[PDB]
């Protein structure tokens, strides 16, 4: 039952640098 | 040493918070939440939650620890590094000190603060486990595994004391 | 509830067909002015017309401030409403042109709902082991997590006291607010640590909070000018960045509404900046109020003009007439105060108070309504009788009886 939890943890750890690059886009483009 | 055991098993319980129930316990001149009788009776005070507080913080004596909540988190670091969600997600509360009400929620709240949210944890307190190893022994002895590995005499005289180590 | 001077205003009472009711939200009278202000609040809510001006022409003592407050309550909290007294312009250190222009910038506002994640700090994760790479854990009441932060945040960390038991609020733009002394620090039952004793911060790690916020451009100008604005470099830059923010799809502009009292008591240089700056394409709508009639414009000493307004300012301004009333509804208006007051009155005391109101003015009876209830509370009467109001009409005098004596 752990493999779906590891996939969700990798999903959060992949979406968090996407929000980091979004913060960098809203801070470095305007 | 026998009526006090009945007072502990009937009156004493596990409270939710220790500092908050210390703040409420003052100015108790009229609120019927602390004082209760038994059989001297000889009216009792607010130590009914300070006695199970010793299991959660032994700081009043000064022997070893200052709770139980932190040693499980500070101790379980094993090969199950890939095996740590195998470790913590199955907590079994059993014995004699788990008879007090209000134990499951407070132990769950104290182990929740030091272990991650995403781990699907489960703290289960059953209603049976007064004699729980007796239940395990009567479960194994009826599931026909006792006759496969038998360790007795016929083997104690042929092998001196080297018979209860390799098998069990 | 601490009821103010006038609290009758809760609406303006406009239907869908465009008719005016006789009694709506305690605003009896002037159905023509009711339609004339319904047109301008529809012009405000339509968000297409900027650069207009409204004047409320009437005798002194009609209650046009209540009409402007009804405009502000029909608009509500979405449209920013900032009234300006005419005595707020005569400053000593700041010129009057800049005060009027900053009021015009107080009118224009925007709304750009956004987001912001909170981090809230663990207890102790001072790990400077790399400086580019800092590991900071978090121990909240919901549980424990970890995060890696770039060196900065850490450079803000060593500036403040980072010890055993602190709070670390980290914003999105490396804005760190920190405390000291949390969770538990009662080791040997010793003396004061001299810190803030706070209980457990209940709440999880990752929330996604959304706030709709109205931002005025004058607060933006104050926050950007400091670490009299230049009209070639600063406000043009603000206009360009607001254009970029609304073209990217972040903020939403709302029109500006102002309301100015005692307009005729201003200087003529304020007038020649006023009817020059309302000629701009970005000018907000400003409802002007003239108190008295034909007098001398301040700074002229010979020019005679109606309503104390020059001919260049009196043009291109809509004019709404607000005339006097009929006395047979005055006892209604007192009743509008009675349901505001909470203490019911009798029938003959209403007649005597309406007679005092139609004697000189309504405001004298409105002001004498309060000591009537006060003496009714002192003497023990549950209602206001005729003896208390006929005694308070003789005890307290108006300006006419004071000029008579």
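The chain as shown is numbered from 1 upward.
Note: Cβ is positioned from N, Cα and C throughout, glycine not excepted.
Checked against Swiss-Prot, the residues C:78, C:95, C:202, C:335 yield a single entry marked SUMO1 cross-link: C:202. Between residue C:59 (ATP binding site) and residue C:404 (SUMO2 cross-link), the C-alpha separation comes to 23 Å. Distance from the CA of residue C:404 (SUMO2 cross-link) to the CA of residue C:65 (ATP binding site) is 30 Å.
The two recorded residues residue C:60 (ATP binding site) and residue C:202 (SUMO1 cross-link) have their Cα atoms spaced 58 Å from each other. Classification of residue C:64 (ATP binding site) by DSSP places it within a helix. Less than 8 angstroms from the CB of residue C:61 (ATP binding site) sit C:361, C:362, C:363, each of them six or more residues away in the same chain.
Residue C:62 (ATP binding site) sits 55 Å from residue C:202 (SUMO1 cross-link), taking the CA atoms of both as reference points.
Most buried of the binding-site residues C:58, C:59, judged by other Cβ atoms within 10 Å, is C:58. Note on residue C:64 (ATP binding site): other Cβ atoms within 10 Å of its Cβ, all shown chains, come to 23. If you measure from the Cα atom of residue C:64 (ATP binding site) to that of residue C:202 (SUMO1 cross-link), you get 51 Å.
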